[PDB]
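> Next comes the structure file my_file-v4.pdb, holding PDB, C-alpha atoms.
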```pdb
ATOM      1  CA  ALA A   1       7.900  22.883 -27.153
ATOM      2  CA  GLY A   2       4.872  20.599 -26.419
ATOM      3  CA  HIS A   3       2.322  21.354 -23.750
ATOM      4  CA  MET A   4       1.736  21.804 -20.055
ATOM      5  CA  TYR A   5       1.747  18.115 -19.006
ATOM      6  CA  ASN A   6       3.653  16.687 -21.960
ATOM      7  CA  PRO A   7       6.722  18.452 -23.200
ATOM      8  CA  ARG A   8       6.829  16.312 -26.344
ATOM      9  CA  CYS A   9       3.177  16.511 -27.295
ATOM     10  CA  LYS A  10       2.535  16.285 -31.082
ATOM     11  CA  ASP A  11      -1.245  16.708 -30.988
ATOM     12  CA  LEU A  12      -2.867  18.405 -27.983
ATOM     13  CA  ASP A  13      -6.414  17.365 -28.813
ATOM     14  CA  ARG A  14      -5.265  13.711 -29.042
ATOM     15  CA  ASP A  15      -3.534  14.021 -25.619
ATOM     16  CA  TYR A  16      -6.903  14.887 -24.097
ATOM     17  CA  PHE A  17      -8.704  11.864 -25.576
ATOM     18  CA  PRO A  18      -7.763   8.718 -23.706
ATOM     19  CA  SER A  19      -9.332   6.510 -26.363
ATOM     20  CA  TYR A  20      -6.403   7.110 -28.678
ATOM     21  CA  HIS A  21      -3.925   5.623 -26.238
ATOM     22  CA  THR A  22      -5.050   2.015 -25.722
ATOM     23  CA  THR A  23      -3.088  -1.034 -26.829
ATOM     24  CA  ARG A  24      -6.375  -2.856 -27.432
ATOM     25  CA  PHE A  25      -8.382  -3.207 -30.652
ATOM     26  CA  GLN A  26      -5.335  -2.811 -32.902
ATOM     27  CA  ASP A  27      -6.944  -5.329 -35.338
ATOM     28  CA  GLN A  28      -9.566  -2.584 -36.045
ATOM     29  CA  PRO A  29      -9.094   0.298 -38.526
ATOM     30  CA  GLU A  30      -9.863   2.861 -35.809
ATOM     31  CA  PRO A  31      -8.994   1.446 -32.416
ATOM     32  CA  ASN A  32     -10.186   4.632 -30.663
ATOM     33  CA  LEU A  33     -13.736   4.151 -31.906
ATOM     34  CA  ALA A  34     -13.638   0.413 -31.126
ATOM     35  CA  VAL A  35     -12.536   0.929 -27.516
ATOM     36  CA  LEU A  36     -15.414   3.306 -26.883
ATOM     37  CA  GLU A  37     -17.981   1.053 -28.637
ATOM     38  CA  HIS A  38     -16.766  -1.869 -26.528
ATOM     39  CA  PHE A  39     -16.752   0.179 -23.333
ATOM     40  CA  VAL A  40     -20.358   1.260 -23.726
ATOM     41  CA  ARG A  41     -21.558  -2.197 -24.718
ATOM     42  CA  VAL A  42     -19.786  -4.079 -21.939
ATOM     43  CA  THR A  43     -20.506  -1.656 -19.127
ATOM     44  CA  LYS A  44     -24.195  -1.687 -20.075
ATOM     45  CA  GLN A  45     -24.118  -5.468 -19.958
ATOM     46  CA  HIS A  46     -22.445  -5.345 -16.475
ATOM     47  CA  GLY A  47     -25.286  -3.061 -15.257
ATOM     48  CA  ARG A  48     -27.984  -5.453 -16.529
ATOM     49  CA  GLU A  49     -26.252  -8.499 -15.009
ATOM     50  CA  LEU A  50     -26.287  -7.145 -11.462
ATOM     51  CA  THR A  51     -30.023  -7.802 -11.169
ATOM     52  CA  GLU A  52     -30.477 -10.313 -14.094
ATOM     53  CA  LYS A  53     -27.723 -12.705 -12.944
ATOM     54  CA  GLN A  54     -25.950 -11.741  -9.751
ATOM     55  CA  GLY A  55     -28.889 -11.500  -7.337
ATOM     56  CA  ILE A  56     -28.175  -7.919  -6.400
ATOM     57  CA  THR A  57     -30.938  -5.530  -5.222
ATOM     58  CA  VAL A  58     -31.179  -1.904  -6.357
ATOM     59  CA  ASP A  59     -32.986   1.046  -4.851
ATOM     60  CA  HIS A  60     -33.664   3.679  -7.559
ATOM     61  CA  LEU A  61     -33.433   7.074  -5.785
ATOM     62  CA  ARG A  62     -33.657  10.705  -6.809
ATOM     63  CA  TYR A  63     -31.526  13.368  -5.115
ATOM     64  CA  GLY A  64     -32.474  16.299  -7.340
ATOM     65  CA  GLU A  65     -34.104  17.393 -10.566
ATOM     66  CA  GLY A  66     -33.078  16.123 -13.982
ATOM     67  CA  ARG A  67     -30.350  13.563 -14.038
ATOM     68  CA  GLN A  68     -29.668  13.905 -10.282
ATOM     69  CA  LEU A  69     -30.353  10.175  -9.675
ATOM     70  CA  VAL A  70     -28.598   7.597  -7.543
ATOM     71  CA  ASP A  71     -28.925   3.835  -7.641
ATOM     72  CA  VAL A  72     -28.002   2.078  -4.397
ATOM     73  CA  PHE A  73     -27.026  -1.594  -4.706
ATOM     74  CA  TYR A  74     -26.885  -4.253  -2.008
ATOM     75  CA  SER A  75     -27.893  -7.843  -1.380
ATOM     76  CA  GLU A  76     -29.551  -9.955   1.179
ATOM     77  CA  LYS A  77     -26.142 -10.305   2.868
ATOM     78  CA  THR A  78     -25.650  -6.529   3.415
ATOM     79  CA  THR A  79     -25.690  -5.344   7.039
ATOM     80  CA  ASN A  80     -27.729  -2.367   8.291
ATOM     81  CA  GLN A  81     -24.546  -0.354   9.002
ATOM     82  CA  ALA A  82     -22.633  -1.640   5.939
ATOM     83  CA  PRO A  83     -20.143   0.972   4.566
ATOM     84  CA  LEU A  84     -21.102   2.906   1.473
ATOM     85  CA  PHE A  85     -18.914   3.018  -1.666
ATOM     86  CA  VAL A  86     -19.914   6.008  -3.860
ATOM     87  CA  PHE A  87     -18.858   5.903  -7.524
ATOM     88  CA  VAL A  88     -18.808   9.064  -9.647
ATOM     89  CA  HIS A  89     -18.618   8.346 -13.393
ATOM     90  CA  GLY A  90     -16.712  10.103 -16.140
ATOM     91  CA  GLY A  91     -17.542  11.324 -19.595
ATOM     92  CA  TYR A  92     -15.957  14.800 -19.777
ATOM     93  CA  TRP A  93     -18.970  16.376 -18.059
ATOM     94  CA  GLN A  94     -20.849  15.855 -21.330
ATOM     95  CA  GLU A  95     -21.665  12.189 -21.744
ATOM     96  CA  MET A  96     -22.148   8.784 -19.964
ATOM     97  CA  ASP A  97     -24.873   7.835 -17.556
ATOM     98  CA  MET A  98     -25.706   5.461 -14.722
ATOM     99  CA  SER A  99     -26.279   2.587 -17.221
ATOM    100  CA  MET A 100     -22.548   2.610 -18.165
ATOM    101  CA  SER A 101     -21.322   3.208 -14.567
ATOM    102  CA  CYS A 102     -22.107   0.033 -12.626
ATOM    103  CA  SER A 103     -19.196  -2.288 -13.513
ATOM    104  CA  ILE A 104     -17.669  -1.625 -10.109
ATOM    105  CA  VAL A 105     -20.732  -2.721  -8.075
ATOM    106  CA  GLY A 106     -20.733  -6.524  -8.061
ATOM    107  CA  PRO A 107     -17.463  -7.379  -6.246
ATOM    108  CA  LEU A 108     -18.007  -4.621  -3.696
ATOM    109  CA  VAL A 109     -21.522  -5.883  -2.888
ATOM    110  CA  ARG A 110     -20.115  -9.417  -2.576
ATOM    111  CA  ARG A 111     -17.708  -8.034   0.021
ATOM    112  CA  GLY A 112     -20.474  -6.429   2.122
ATOM    113  CA  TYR A 113     -20.553  -2.892   0.769
ATOM    114  CA  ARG A 114     -23.587  -0.872  -0.165
ATOM    115  CA  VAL A 115     -22.739   0.851  -3.459
ATOM    116  CA  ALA A 116     -24.153   4.160  -4.670
ATOM    117  CA  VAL A 117     -23.780   4.793  -8.352
ATOM    118  CA  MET A 118     -24.725   8.348  -8.988
ATOM    119  CA  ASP A 119     -25.616  10.390 -12.030
ATOM    120  CA  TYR A 120     -25.520  14.113 -12.690
ATOM    121  CA  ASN A 121     -26.694  16.748 -15.129
ATOM    122  CA  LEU A 122     -24.389  17.281 -18.104
ATOM    123  CA  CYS A 123     -22.899  20.269 -19.854
ATOM    124  CA  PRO A 124     -24.211  22.244 -21.722
ATOM    125  CA  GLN A 125     -27.541  21.995 -19.860
ATOM    126  CA  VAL A 126     -25.528  22.938 -16.780
ATOM    127  CA  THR A 127     -22.311  24.971 -16.878
ATOM    128  CA  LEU A 128     -19.377  23.200 -15.252
ATOM    129  CA  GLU A 129     -19.687  25.565 -12.298
ATOM    130  CA  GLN A 130     -23.358  24.678 -11.922
ATOM    131  CA  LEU A 131     -22.531  20.936 -12.153
ATOM    132  CA  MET A 132     -19.944  21.482  -9.397
ATOM    133  CA  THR A 133     -22.647  23.228  -7.245
ATOM    134  CA  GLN A 134     -25.051  20.313  -7.876
ATOM    135  CA  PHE A 135     -22.310  17.952  -6.907
ATOM    136  CA  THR A 136     -21.906  19.784  -3.539
ATOM    137  CA  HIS A 137     -25.647  19.143  -3.162
ATOM    138  CA  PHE A 138     -25.073  15.474  -3.936
ATOM    139  CA  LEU A 139     -22.326  15.304  -1.270
ATOM    140  CA  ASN A 140     -24.634  16.852   1.320
ATOM    141  CA  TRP A 141     -27.387  14.471   0.347
ATOM    142  CA  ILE A 142     -25.186  11.401   0.507
ATOM    143  CA  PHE A 143     -23.850  12.306   3.908
ATOM    144  CA  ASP A 144     -27.465  12.854   5.111
ATOM    145  CA  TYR A 145     -28.289   9.395   3.744
ATOM    146  CA  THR A 146     -25.391   7.747   5.473
ATOM    147  CA  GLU A 147     -26.182   9.551   8.756
ATOM    148  CA  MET A 148     -29.868   8.378   8.559
ATOM    149  CA  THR A 149     -28.801   4.854   7.797
ATOM    150  CA  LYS A 150     -25.897   4.715  10.334
ATOM    151  CA  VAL A 151     -23.307   3.618   7.734
ATOM    152  CA  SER A 152     -19.959   2.650   9.311
ATOM    153  CA  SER A 153     -17.788   4.516   6.797
ATOM    154  CA  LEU A 154     -17.737   5.995   3.298
ATOM    155  CA  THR A 155     -15.383   5.476   0.366
ATOM    156  CA  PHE A 156     -15.648   7.664  -2.748
ATOM    157  CA  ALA A 157     -14.264   6.835  -6.169
ATOM    158  CA  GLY A 158     -14.347   8.998  -9.222
ATOM    159  CA  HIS A 159     -13.256   8.094 -12.735
ATOM    160  CA  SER A 160     -12.085  10.699 -15.265
ATOM    161  CA  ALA A 161     -14.387  13.688 -15.127
ATOM    162  CA  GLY A 162     -15.822  12.050 -11.983
ATOM    163  CA  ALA A 163     -12.446  12.191 -10.256
ATOM    164  CA  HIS A 164     -12.367  15.905 -11.063
ATOM    165  CA  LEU A 165     -15.796  16.312  -9.529
ATOM    166  CA  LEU A 166     -14.902  14.354  -6.433
ATOM    167  CA  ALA A 167     -11.951  16.589  -5.664
ATOM    168  CA  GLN A 168     -14.142  19.275  -4.235
ATOM    169  CA  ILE A 169     -14.898  17.051  -1.212
ATOM    170  CA  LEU A 170     -11.603  18.367   0.256
ATOM    171  CA  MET A 171     -12.660  22.063  -0.015
ATOM    172  CA  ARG A 172     -16.340  22.368   0.886
ATOM    173  CA  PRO A 173     -16.081  22.674   4.694
ATOM    174  CA  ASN A 174     -19.520  24.375   5.001
ATOM    175  CA  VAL A 175     -21.017  21.050   3.896
ATOM    176  CA  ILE A 176     -18.315  18.561   4.762
ATOM    177  CA  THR A 177     -17.768  19.116   8.464
ATOM    178  CA  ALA A 178     -14.869  17.637  10.345
ATOM    179  CA  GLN A 179     -17.119  14.822  11.614
ATOM    180  CA  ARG A 180     -18.159  14.066   8.027
ATOM    181  CA  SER A 181     -14.512  14.027   6.973
ATOM    182  CA  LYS A 182     -13.750  11.553   9.718
ATOM    183  CA  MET A 183     -16.338   9.189   8.198
ATOM    184  CA  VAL A 184     -14.339   8.875   4.976
ATOM    185  CA  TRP A 185     -12.204   5.793   4.811
ATOM    186  CA  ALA A 186     -10.750   6.458   1.386
ATOM    187  CA  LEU A 187     -10.894   8.690  -1.694
ATOM    188  CA  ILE A 188      -9.960   7.021  -5.004
ATOM    189  CA  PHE A 189      -9.189   9.233  -7.999
ATOM    190  CA  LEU A 190      -9.075   7.035 -11.126
ATOM    191  CA  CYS A 191      -7.570   8.663 -14.291
ATOM    192  CA  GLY A 192      -8.740  12.154 -13.433
ATOM    193  CA  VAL A 193      -8.141  15.518 -14.927
ATOM    194  CA  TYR A 194      -7.395  18.396 -12.524
ATOM    195  CA  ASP A 195      -5.988  21.390 -14.427
ATOM    196  CA  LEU A 196      -8.565  22.523 -16.998
ATOM    197  CA  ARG A 197      -6.651  25.446 -18.462
ATOM    198  CA  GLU A 198      -5.565  23.715 -21.727
ATOM    199  CA  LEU A 199      -8.682  21.764 -22.415
ATOM    200  CA  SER A 200     -10.812  24.853 -21.818
ATOM    201  CA  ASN A 201      -9.474  26.200 -25.081
ATOM    202  CA  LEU A 202      -9.925  22.967 -27.089
ATOM    203  CA  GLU A 203     -12.952  22.805 -29.400
ATOM    204  CA  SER A 204     -12.613  19.013 -29.247
ATOM    205  CA  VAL A 205     -13.099  18.761 -25.518
ATOM    206  CA  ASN A 206     -15.015  21.988 -24.822
ATOM    207  CA  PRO A 207     -16.952  22.652 -28.065
ATOM    208  CA  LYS A 208     -18.302  26.159 -28.194
ATOM    209  CA  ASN A 209     -17.294  26.564 -24.556
ATOM    210  CA  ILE A 210     -20.174  24.364 -23.384
ATOM    211  CA  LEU A 211     -18.371  24.060 -20.074
ATOM    212  CA  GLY A 212     -18.768  27.871 -19.576
ATOM    213  CA  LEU A 213     -15.202  28.573 -18.692
ATOM    214  CA  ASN A 214     -13.344  31.889 -18.674
ATOM    215  CA  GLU A 215     -10.220  33.372 -17.026
ATOM    216  CA  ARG A 216     -12.461  34.373 -13.962
ATOM    217  CA  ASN A 217     -13.520  30.814 -13.139
ATOM    218  CA  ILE A 218     -10.786  28.612 -14.604
ATOM    219  CA  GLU A 219      -8.984  28.282 -11.260
ATOM    220  CA  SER A 220     -12.200  27.496  -9.393
ATOM    221  CA  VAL A 221     -12.851  24.550 -11.648
ATOM    222  CA  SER A 222      -9.247  23.265 -11.513
ATOM    223  CA  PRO A 223      -8.437  21.183  -8.354
ATOM    224  CA  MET A 224      -4.740  21.252  -9.430
ATOM    225  CA  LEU A 225      -4.630  24.975  -8.673
ATOM    226  CA  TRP A 226      -6.493  25.213  -5.389
ATOM    227  CA  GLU A 227      -4.934  26.475  -2.154
ATOM    228  CA  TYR A 228      -5.885  23.502   0.018
ATOM    229  CA  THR A 229      -6.492  24.299   3.714
ATOM    230  CA  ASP A 230      -7.550  22.518   6.946
ATOM    231  CA  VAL A 231      -5.710  19.463   5.644
ATOM    232  CA  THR A 232      -5.505  17.803   9.108
ATOM    233  CA  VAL A 233      -9.253  17.045   9.229
ATOM    234  CA  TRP A 234      -8.460  14.539   6.483
ATOM    235  CA  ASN A 235      -5.517  12.956   8.162
ATOM    236  CA  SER A 236      -7.300   9.568   8.830
ATOM    237  CA  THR A 237      -8.480   9.326   5.166
ATOM    238  CA  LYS A 238      -6.456   7.314   2.641
ATOM    239  CA  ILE A 239      -6.179   9.091  -0.770
ATOM    240  CA  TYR A 240      -5.251   7.084  -3.846
ATOM    241  CA  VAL A 241      -4.436   8.980  -7.084
ATOM    242  CA  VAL A 242      -4.337   6.369  -9.876
ATOM    243  CA  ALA A 243      -3.373   6.655 -13.556
ATOM    244  CA  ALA A 244      -3.438   3.966 -16.301
ATOM    245  CA  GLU A 245      -0.163   2.995 -18.031
ATOM    246  CA  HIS A 246      -1.791   3.159 -21.476
ATOM    247  CA  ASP A 247      -3.218   6.632 -21.023
ATOM    248  CA  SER A 248      -1.905   9.758 -22.701
ATOM    249  CA  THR A 249       1.191  11.364 -21.210
ATOM    250  CA  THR A 250      -0.977  14.434 -20.352
ATOM    251  CA  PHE A 251      -3.390  12.244 -18.348
ATOM    252  CA  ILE A 252      -0.656  10.342 -16.573
ATOM    253  CA  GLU A 253       1.178  13.538 -15.751
ATOM    254  CA  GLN A 254      -1.936  15.303 -14.548
ATOM    255  CA  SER A 255      -2.364  12.468 -12.042
ATOM    256  CA  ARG A 256       1.328  12.537 -10.989
ATOM    257  CA  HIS A 257       1.148  16.293 -10.572
ATOM    258  CA  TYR A 258      -2.101  16.155  -8.576
ATOM    259  CA  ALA A 259      -0.817  13.445  -6.265
ATOM    260  CA  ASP A 260       2.248  15.623  -5.725
ATOM    261  CA  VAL A 261       0.105  18.739  -4.902
ATOM    262  CA  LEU A 262      -1.922  16.719  -2.309
ATOM    263  CA  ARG A 263       1.199  15.080  -0.767
ATOM    264  CA  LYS A 264       2.948  18.494  -0.494
ATOM    265  CA  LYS A 265      -0.077  19.952   1.250
ATOM    266  CA  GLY A 266       0.061  17.069   3.747
ATOM    267  CA  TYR A 267      -2.676  14.724   2.688
ATOM    268  CA  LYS A 268      -2.243  10.915   3.122
ATOM    269  CA  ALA A 269      -2.004  10.552  -0.688
ATOM    270  CA  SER A 270      -0.208   8.166  -3.003
ATOM    271  CA  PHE A 271       0.350   7.882  -6.735
ATOM    272  CA  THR A 272      -0.117   4.533  -8.546
ATOM    273  CA  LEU A 273       0.450   3.843 -12.251
ATOM    274  CA  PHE A 274      -1.565   0.801 -13.116
ATOM    275  CA  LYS A 275       0.443  -1.472 -15.370
ATOM    276  CA  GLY A 276      -1.141  -2.736 -18.563
ATOM    277  CA  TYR A 277      -4.438  -0.899 -18.172
ATOM    278  CA  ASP A 278      -5.969   1.803 -20.348
ATOM    279  CA  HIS A 279      -8.348   4.531 -19.229
ATOM    280  CA  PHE A 280     -11.388   2.296 -19.990
ATOM    281  CA  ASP A 281     -10.569  -1.235 -18.905
ATOM    282  CA  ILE A 282      -9.425   0.139 -15.521
ATOM    283  CA  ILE A 283     -13.269   0.412 -15.049
ATOM    284  CA  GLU A 284     -14.375  -2.555 -17.174
ATOM    285  CA  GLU A 285     -12.338  -5.014 -15.091
ATOM    286  CA  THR A 286     -13.911  -3.788 -11.828
ATOM    287  CA  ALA A 287     -16.823  -6.231 -12.704
ATOM    288  CA  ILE A 288     -14.391  -9.164 -12.339
ATOM    289  CA  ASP A 289     -13.757  -9.930  -8.686
ATOM    290  CA  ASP A 290     -10.213 -11.231  -9.114
ATOM    291  CA  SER A 291      -8.910  -8.632 -11.559
ATOM    292  CA  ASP A 292      -5.912  -6.496 -10.634
ATOM    293  CA  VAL A 293      -8.090  -3.374 -10.238
ATOM    294  CA  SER A 294     -10.726  -5.238  -8.225
ATOM    295  CA  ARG A 295      -8.077  -6.556  -5.900
ATOM    296  CA  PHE A 296      -6.568  -3.117  -5.463
ATOM    297  CA  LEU A 297     -10.008  -1.870  -4.327
ATOM    298  CA  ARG A 298     -10.367  -4.878  -1.981
ATOM    299  CA  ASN A 299      -6.907  -4.162  -0.504
ATOM    300  CA  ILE A 300      -7.908  -0.565   0.431
ATOM    301  CA  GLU A 301     -10.528  -2.133   2.734
ATOM    302  CA  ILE A 302      -8.072  -4.125   4.721
TER
END
```
Would you mind writing the file out in structure tokens?

Amino acid sequence: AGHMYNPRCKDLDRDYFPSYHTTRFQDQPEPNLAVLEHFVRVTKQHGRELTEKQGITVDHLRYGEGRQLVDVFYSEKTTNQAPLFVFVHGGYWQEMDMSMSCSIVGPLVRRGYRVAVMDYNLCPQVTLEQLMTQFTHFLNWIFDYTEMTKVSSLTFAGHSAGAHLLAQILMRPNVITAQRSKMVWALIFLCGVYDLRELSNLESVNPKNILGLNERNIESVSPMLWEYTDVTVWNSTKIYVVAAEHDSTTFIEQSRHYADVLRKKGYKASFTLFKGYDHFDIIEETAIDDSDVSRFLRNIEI
């Protein structure tokens, strides 16, 4: 009978771990471990190269306590009112940090963007609901920053758990006013997860319920299940829901389903399945200006 986003699923825990679904590293005895080892190593190298090789400047900022940090990258070519690209990393709300999250910066900076790569507190130090509240704080802080600095427009991208976190931007109208909404050129949801009801009961993904989920809050933390309202304030904003071809069926379907919920509600949203990519190299190749994913990002700017 399978599961909620994969009617032929043979192993639910495996369907929630994208590492098992790559076509890379098949010369290794455990390709899932090799993809993650490579991802950490190469993203860290991308982060170092921005200032060691590519002549990019970074401002190291703090927006809150703990891991509430944000690095803002630019160059000597960046204009005072340059648009801001905000990237929200993944890691299942429990791992990854800014050091693994800066692959995307270089080509954007070369095109005249300022890029904010943010970090956040992780579960279990915060519950998922507390992380979501801290992320509303981050959104308020980033819009104050862009208002102070007269930025021409904002684009937000989230990857994996970061795409989940980003989804609240559509439903926090006490912070995101209609004028703030109008400032958003695009929202990019890369390989997200939006319905947390299955994973909440997996010890693999949510060991010991570190995310702090229960039947009282499981809808609040699941963007798939929200009753979206005031959709017209977003009508100028382009929304891109993206999945990787070599992701699990549950991940691909969660993205197809979420794009369909946003389109039905009336958002300017599309679904894209990225051919030949897995859940990890869809971020690794954002460090290469002419890659397929880098060019997709460039084309959103046109």
> Apply the PyMOL selection byres ((chain A and resi 188) around 6) to the file shown and report the selected residues as a PyMOL selection string.
chain A and resi 157+187+189+240
> Can you measure CA of residue 194 (chain A) to CA of residue 224 (chain A) for me? One decimal in Å is fine.
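About the pair CA of residue 194 (chain A) and CA of residue 224 (chain A): they are 5.0 Å apart.
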> Of the residues A:97, A:285, A:59, A:195, which is the one nearest to residue 258 (chain A), using all atoms listed in the file?
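Answer, going by the shortest atom-to-atom distance: A:195.
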> Provide the CA of residue 152 (chain A) to CA of residue 185 (chain A) distance in Å, to one decimal place.
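It comes out at 9.5 Å.
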> Starting from the shown file, work through the PyMOL selection byres ((chain A and resi 21) around 7) and note down what comes out as a count of residues only.
8
> Expand the PyMOL selection byres ((chain A and resi 107) around 12) into the explicit residue set it covers here, and present it as a PDB file with C-alpha atoms, keeping the file's coordinate frame.

```pdb
ATOM      1  CA  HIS A  46     -22.445  -5.345 -16.475  1.00  0.00           C
ATOM      2  CA  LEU A  50     -26.287  -7.145 -11.462  1.00  0.00           C
ATOM      3  CA  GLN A  54     -25.950 -11.741  -9.751  1.00  0.00           C
ATOM      4  CA  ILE A  56     -28.175  -7.919  -6.400  1.00  0.00           C
ATOM      5  CA  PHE A  73     -27.026  -1.594  -4.706  1.00  0.00           C
ATOM      6  CA  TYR A  74     -26.885  -4.253  -2.008  1.00  0.00           C
ATOM      7  CA  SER A  75     -27.893  -7.843  -1.380  1.00  0.00           C
ATOM      8  CA  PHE A  85     -18.914   3.018  -1.666  1.00  0.00           C
ATOM      9  CA  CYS A 102     -22.107   0.033 -12.626  1.00  0.00           C
ATOM     10  CA  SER A 103     -19.196  -2.288 -13.513  1.00  0.00           C
ATOM     11  CA  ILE A 104     -17.669  -1.625 -10.109  1.00  0.00           C
ATOM     12  CA  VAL A 105     -20.732  -2.721  -8.075  1.00  0.00           C
ATOM     13  CA  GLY A 106     -20.733  -6.524  -8.061  1.00  0.00           C
ATOM     14  CA  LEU A 108     -18.007  -4.621  -3.696  1.00  0.00           C
ATOM     15  CA  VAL A 109     -21.522  -5.883  -2.888  1.00  0.00           C
ATOM     16  CA  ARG A 110     -20.115  -9.417  -2.576  1.00  0.00           C
ATOM     17  CA  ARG A 111     -17.708  -8.034   0.021  1.00  0.00           C
ATOM     18  CA  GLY A 112     -20.474  -6.429   2.122  1.00  0.00           C
ATOM     19  CA  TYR A 113     -20.553  -2.892   0.769  1.00  0.00           C
ATOM     20  CA  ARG A 114     -23.587  -0.872  -0.165  1.00  0.00           C
ATOM     21  CA  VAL A 115     -22.739   0.851  -3.459  1.00  0.00           C
ATOM     22  CA  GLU A 285     -12.338  -5.014 -15.091  1.00  0.00           C
ATOM     23  CA  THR A 286     -13.911  -3.788 -11.828  1.00  0.00           C
ATOM     24  CA  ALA A 287     -16.823  -6.231 -12.704  1.00  0.00           C
ATOM     25  CA  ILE A 288     -14.391  -9.164 -12.339  1.00  0.00           C
ATOM     26  CA  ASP A 289     -13.757  -9.930  -8.686  1.00  0.00           C
ATOM     27  CA  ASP A 290     -10.213 -11.231  -9.114  1.00  0.00           C
ATOM     28  CA  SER A 291      -8.910  -8.632 -11.559  1.00  0.00           C
ATOM     29  CA  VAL A 293      -8.090  -3.374 -10.238  1.00  0.00           C
ATOM     30  CA  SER A 294     -10.726  -5.238  -8.225  1.00  0.00           C
ATOM     31  CA  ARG A 295      -8.077  -6.556  -5.900  1.00  0.00           C
ATOM     32  CA  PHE A 296      -6.568  -3.117  -5.463  1.00  0.00           C
ATOM     33  CA  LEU A 297     -10.008  -1.870  -4.327  1.00  0.00           C
ATOM     34  CA  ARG A 298     -10.367  -4.878  -1.981  1.00  0.00           C
TER      35      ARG A 298
END
```
> Give me region 13-27 of chain A with N, CA and C atoms filled in, as a PDB file, in the coordinates of the input.

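Below is the file that was written, selection_26.pdb:
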```
ATOM      1  N   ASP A  13      -5.083  17.920 -28.870  1.00  0.00           N
ATOM      2  CA  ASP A  13      -6.414  17.365 -28.813  1.00  0.00           C
ATOM      3  C   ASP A  13      -6.320  15.863 -28.557  1.00  0.00           C
ATOM      4  N   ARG A  14      -5.410  15.149 -29.274  1.00  0.00           N
ATOM      5  CA  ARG A  14      -5.265  13.711 -29.042  1.00  0.00           C
ATOM      6  C   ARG A  14      -4.821  13.422 -27.586  1.00  0.00           C
ATOM      7  N   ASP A  15      -3.989  14.280 -26.998  1.00  0.00           N
ATOM      8  CA  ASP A  15      -3.534  14.021 -25.619  1.00  0.00           C
ATOM      9  C   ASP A  15      -4.674  14.149 -24.590  1.00  0.00           C
ATOM     10  N   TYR A  16      -5.767  14.786 -25.004  1.00  0.00           N
ATOM     11  CA  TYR A  16      -6.903  14.887 -24.097  1.00  0.00           C
ATOM     12  C   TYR A  16      -7.979  13.879 -24.415  1.00  0.00           C
ATOM     13  N   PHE A  17      -7.749  12.944 -25.344  1.00  0.00           N
ATOM     14  CA  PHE A  17      -8.704  11.864 -25.576  1.00  0.00           C
ATOM     15  C   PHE A  17      -8.095  10.529 -25.309  1.00  0.00           C
ATOM     16  N   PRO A  18      -8.392   9.971 -24.100  1.00  0.00           N
ATOM     17  CA  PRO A  18      -7.763   8.718 -23.706  1.00  0.00           C
ATOM     18  C   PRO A  18      -7.990   7.584 -24.657  1.00  0.00           C
ATOM     19  N   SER A  19      -9.075   7.569 -25.408  1.00  0.00           N
ATOM     20  CA  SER A  19      -9.332   6.510 -26.363  1.00  0.00           C
ATOM     21  C   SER A  19      -8.271   6.254 -27.391  1.00  0.00           C
ATOM     22  N   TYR A  20      -7.457   7.271 -27.671  1.00  0.00           N
ATOM     23  CA  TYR A  20      -6.403   7.110 -28.678  1.00  0.00           C
ATOM     24  C   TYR A  20      -5.194   6.459 -28.120  1.00  0.00           C
ATOM     25  N   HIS A  21      -5.210   6.055 -26.860  1.00  0.00           N
ATOM     26  CA  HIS A  21      -3.925   5.623 -26.238  1.00  0.00           C
ATOM     27  C   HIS A  21      -3.912   4.180 -25.786  1.00  0.00           C
ATOM     28  N   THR A  22      -4.975   3.481 -26.105  1.00  0.00           N
ATOM     29  CA  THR A  22      -5.050   2.015 -25.722  1.00  0.00           C
ATOM     30  C   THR A  22      -4.090   1.156 -26.534  1.00  0.00           C
ATOM     31  N   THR A  23      -3.788  -0.044 -26.045  1.00  0.00           N
ATOM     32  CA  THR A  23      -3.088  -1.034 -26.829  1.00  0.00           C
ATOM     33  C   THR A  23      -4.091  -2.066 -27.314  1.00  0.00           C
ATOM     34  N   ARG A  24      -5.372  -1.875 -27.008  1.00  0.00           N
ATOM     35  CA  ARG A  24      -6.375  -2.856 -27.432  1.00  0.00           C
ATOM     36  C   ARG A  24      -6.931  -2.509 -28.791  1.00  0.00           C
ATOM     37  N   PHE A  25      -7.623  -3.472 -29.393  1.00  0.00           N
ATOM     38  CA  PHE A  25      -8.382  -3.207 -30.652  1.00  0.00           C
ATOM     39  C   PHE A  25      -7.524  -2.764 -31.849  1.00  0.00           C
ATOM     40  N   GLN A  26      -6.260  -3.176 -31.842  1.00  0.00           N
ATOM     41  CA  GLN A  26      -5.335  -2.811 -32.902  1.00  0.00           C
ATOM     42  C   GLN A  26      -5.640  -3.603 -34.204  1.00  0.00           C
ATOM     43  N   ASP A  27      -6.440  -4.660 -34.124  1.00  0.00           N
ATOM     44  CA  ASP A  27      -6.944  -5.329 -35.338  1.00  0.00           C
ATOM     45  C   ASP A  27      -8.035  -4.505 -36.051  1.00  0.00           C
TER      46      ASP A  27
END
```
